[PDB]
Structure formats: C-alpha cells, structure tokens
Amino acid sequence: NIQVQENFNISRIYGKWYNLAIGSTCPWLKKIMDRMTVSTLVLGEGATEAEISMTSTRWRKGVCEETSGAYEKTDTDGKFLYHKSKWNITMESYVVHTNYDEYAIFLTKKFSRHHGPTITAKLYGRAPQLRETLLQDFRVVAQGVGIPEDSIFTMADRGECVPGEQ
C-alpha cells in the first residue's frame, strides 16, 4: 500500500539533502549499510523538463565518490522512475512523507529479472541532523513497509566531500 504524500509539491523538493538513515530488504544493501556515512544528495532539473537530475556524494574507501542518475517523472507526482536498461533493472521511488524544509522520507522499490522485488527506505534532512522523533518516524515508516527493525541503520556524519577538491 505504498502511499505518495498528498499535495506533493515537487518544485519544493529540489536542492540539497543529507541521507541520515536507511533501511532495506535488499540482501546486498543489508550487508553494506553499516559502512555508509551521511551522504549528500542534490536534486535538480534534468536533461528535459520531465527528468530530475539526482547527484549523490559520499565517502567510499579512500575517496569522495559521486553517483549521478536521471530519474523520470511519471503519471503521479511524488513517484519517480529510474530504469537501468543495461541491467534490466527498474527502480521506482516514492516521496511518502516530507515537509520540504526539514526532512523527507523516500521509499524505493527495485525490480529485477533475477530476484523478487526489494524495498529500500531513506531518511533525508536539509541539515546533517534532525530530532530523534524524526528518526523514530522513519523507523515506523520503514517497518510499516516490511523492513525489519534489524535492517535499519542511522548513519554517522563524517561529514561532506566535494568532488574535485584538491
């Protein structure tokens, strides 16, 4: 019953966010989640007006790693499609709760030819910290979509990196 947030204003979701917590039923993600530190995400206008540019930056091993993708708007505001045609993988993301100015929770369903669908939940803040109560909100939202409590991780802040830096 994944629920897009009502009266969703996509123009207000743009800009910079920090990933502060994550949970997932994806076996691989389950194994690496504890290595993840607070990462930055920037949402902007895509190549076309129907795309959203996604840019994520995090420490991985020694370096500042940037991942970039183009998400497609769909027939539903708050729902975005991310197709990896080379992989035959489709991810579909949902903004289930946000107040635009402080926090957002995104749920992402991943469809593969080779395993059952997985679900991943991420908590974002406009700043690298938020009240404990939002952490709790996130926990219940993730559990309510089938993520076990043992598969939910609050990330350490370490802090931000910029690609190109020295």
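The first residue of the sequence shown is number 1, and the count goes up from there.
Here the stretch with the larger average CA B-factor, out of 45-53 and 110-118, is 45-53.
The PDB entry records a higher mean C-alpha B factor for 61-69 than for its counterpart among 25-33 and 61-69. Ranked by Cα temperature factor within the chain, residue 156 sits in the middle third according to the deposited record. Among the modelled residues of its chain, residue 76 has a C-alpha B-factor that falls in the highest third, as given in the PDB entry. In this PDB entry, the Cα temperature factor of residue 143 sits in the middle third of its chain's modelled residues. In this PDB entry, the Cα temperature factor of residue 40 sits in the middle third of its chain's modelled residues. The entry lists a Cα temperature factor for residue 129 that places it in the highest third of the chain's modelled residues.
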